[PDB]
Every structure is written in structure tokens, then in C-alpha cells.
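Peer 1: Enclosed are the sequence and the experimentally obtained structure.
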Amino acid sequence: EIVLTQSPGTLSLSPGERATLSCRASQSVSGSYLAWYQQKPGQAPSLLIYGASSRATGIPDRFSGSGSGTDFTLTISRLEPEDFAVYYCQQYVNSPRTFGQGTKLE
Amino acid sequence: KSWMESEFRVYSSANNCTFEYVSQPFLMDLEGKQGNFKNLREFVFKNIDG
Amino acid sequence: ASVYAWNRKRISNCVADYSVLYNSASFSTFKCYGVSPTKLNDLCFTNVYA
Ligand SMILES: *[C@@H]1O[C@H](CO)[C@@H](O)[C@H](O)[C@H]1NC(C)=O
Ligand SMILES: *[C@@H]1O[C@H](CO)[C@@H](O)[C@H](O)[C@H]1NC(C)=O
């Protein structure tokens, strides 16, 4: 079982700057089987990225992945107030599609 | 008294190149003896099916 | 070497331990194209360019 640990648990602190959200795994993520998710408070998560860096429909390319091996990046190029939301990771390598613990939770 | 190779005038330059093989270094006589011939080296070179 | 001055070495006339590029798996990528990591890897190669 491949556990995922998001490293910046509360780095955001109502951020006004570009971010470097991270995820790390016990066994290296094989073939970029990772995704990111946008869980706006009081609402369901919305897919943000798939593969390593492949973007999503209706999500601006300002959201940028930058991972390989231990896939670890979600980079907000220009930060907007509405996009604030706990961001989750999920790996499709071996694991029963397990998730991380969330990086942008108040 | 020492016979050593000094000049090698064969080729100028090469851009592409596919096969290189160099044997292990050794020593050779290179001196010119006087008398009758004493060695015969026989070779056969063939090229078939690549 | 630096990327612009890519260094090439020719691996010629030696058997190869094709069981040498993922068992360490230090390498993030052992992504093979066409040959794949398989017995075909551990097979005859005309020339090997590194
Ligand atoms: C001795 O012979 C070598 C050839 O093997 C030559 O290079 C060298 O110059 C010679 N020594 C002198 C003092 O000329
Ligand atoms: C070397 O190989 C390339 C590859 O096709 C070829 O274009 C070129 O003419 C060859 N010769 C030289 C001298 O570069």
C-alpha cells in the first residue's frame, strides 16, 4: 500500500503568492498515475489535473503540475481569491485509489 | 640502435565512423635482418552474406 | 557532459549485462522505446551508442 504524504499542510495561510503544493509516496508513482482535486468548502472535489501535468477541462492552465517519480507539484502561477480550497492527491499505482490528507485546509 | 615506427600517412580525417577495434598493446622487433626469408604469413579474405 | 556537448561512447565487441538499468531503480525512468526492458534487450545488438 502506497501512502501519500502532502508536505505543506498549511503553508497557504490565506496565500497571496504562487504555491508549491507537494505529495510524496513510499514507492515511486509509476507512469504518472496521479491526480489533484479542488474541494471548495461545502462542496465536492473537482478534478484539477491527471497524469503528471495534463490539465483539465474548465480549469485554467495557471494550475500546473510539475512531477516525475515521486509526483509532487501543483503550482498556482497567479493566485486568485476564489480558487482557495483544500487540494487532494490520489494515486492509481497499486493502491486501492488512496488519497492524501489535504494541503490547503484551514 | 632502435627501430621505431615514425610515420603513418594513410588518411586525413573522418566525420562518420562505424567500426573500431584495437588489439592489446605489444612489442615488435622492426629491425631489418640480413639473409634469406624466414617467415611466411598466409591470409584469405572473403565477403559473402554480409 | 553538458547537454549541448552531448558525449557519445561506442559500446562495441562485448557482451552486455542488460540486467544493468531498473533493479537498483535509482533511475526515475527506464522507459524503453521499441526494444523494451525484456529478453529482446538482452539480445544481439549491431552497435550500441551511449
Ligand atoms: C634513442 O632511440 C630512440 C628510438 O627508439 C630515439 O627516439 C631517441 O632519440 C634515441 N636517443 C637519442 C639520444 O637520439
Ligand atoms: C554521415 O551520416 C549522415 C547521416 O545520414 C549523412 O547525412 C552524411 O552525409 C554522412 N557523411 C558525412 C561526411 O557527414
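Peer 2: Yes, it's here. Numbering: from 1, shown residues only, chains lettered A, B, ... in the order given. Ligands and ions are numbered 1, 2, ... in the order given.
Peer 1: Name the residues of chain A found near chain C, please.
Peer 2: A:28, A:68, A:69 (C-beta under 8 Å from any C-beta of the partner chain). Just so you know, the C-beta spots here come from the backbone N, C-alpha and C atoms, and that holds for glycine as well.
Peer 1: Run a quick neighbour tally on the residue of chain A found nearest chain C.
Peer 2: Using C-beta to the nearest C-beta, the point where chain A gets nearest to chain C is residue A:69, with a distance of 3.9 Å. Burial measure for residue A:69: 15 neighbouring residues, criterion other C-beta atoms under 10 Å in any protein chain shown.
Peer 1: Secondary structure element for it, which one?
Peer 2: Residue A:69 belongs to no helix or strand when elements are defined using DSSP states H and E.
Peer 1: which residues does it contact?
Peer 2: Going by C-beta atoms under 8 Å, 6 or more residues apart in numbering or on different chains, residue A:69 touches A:28, A:29, C:28.
Peer 1: need the contact list for residue C:22.
Peer 2: By C-beta under 8 Å, 6+ apart, the residues touching residue C:22 are C:30, C:37.
Peer 1: For chain A, which residue gets nearest to chain B?
Peer 2: Across chain A, no residue is closer to chain B than residue A:68, which sits at 34.7 Å (C-beta to the nearest C-beta).
Peer 1: Surely that residue is in contact with residue A:52?
Peer 2: Yes: counting by C-beta atoms under 8 Å, residue A:68 does reach residue A:52; the two are 6.4 Å apart.
Peer 1: Would you state the strands of chain A in chain order?
Peer 2: Assigned by DSSP state E, chain A shows strands spanning A:4-6, A:23-25, A:34-39, A:45-49, A:63-65, A:74-76, A:86-91.
Peer 1: what sits opposite residue A:35 in the beta ladder?
Peer 2: Per DSSP bridges, residues listed as beta-bridge partners of residue A:35: residue A:90.
Peer 1: Repeat that for the one 4 residues further on.
Peer 2: Residues found in beta-bridge contact with residue A:39 (criterion: DSSP bridges) are residue A:45, residue A:86.
Peer 1: gap between it and residue B:17?
Peer 2: From residue A:39 over to residue B:17 the distance is 60 Å, taken as C-beta to C-beta, to the nearest Å.
Peer 1: Which one of these two is surrounded by more residues?
Peer 2: Just comparing residue A:39 and residue B:17: by other C-beta under 10 Å the higher neighbour count belongs to residue A:39, 17 against 7.
Peer 1: surely the more buried one meets residue A:85?
Peer 2: Yes: under the criterion of C-beta under 8 Å, residue A:39 is in contact with residue A:85, at a separation of 5.4 Å.
Peer 1: possible to save the strands of chain A as a markdown table with distance to residue A:101?
Peer 2: Shown next, in a markdown table, are the strands of chain A (distance: least, C-beta to C-beta, whole Å):
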| stretch | distance to residue A:101 |
| --- | --- |
| strand A:4-6 | 6 |
| strand A:23-25 | 10 |
| strand A:34-39 | 12 |
| strand A:45-49 | 14 |
| strand A:63-65 | 19 |
| strand A:74-76 | 15 |
| strand A:86-91 | 8 |
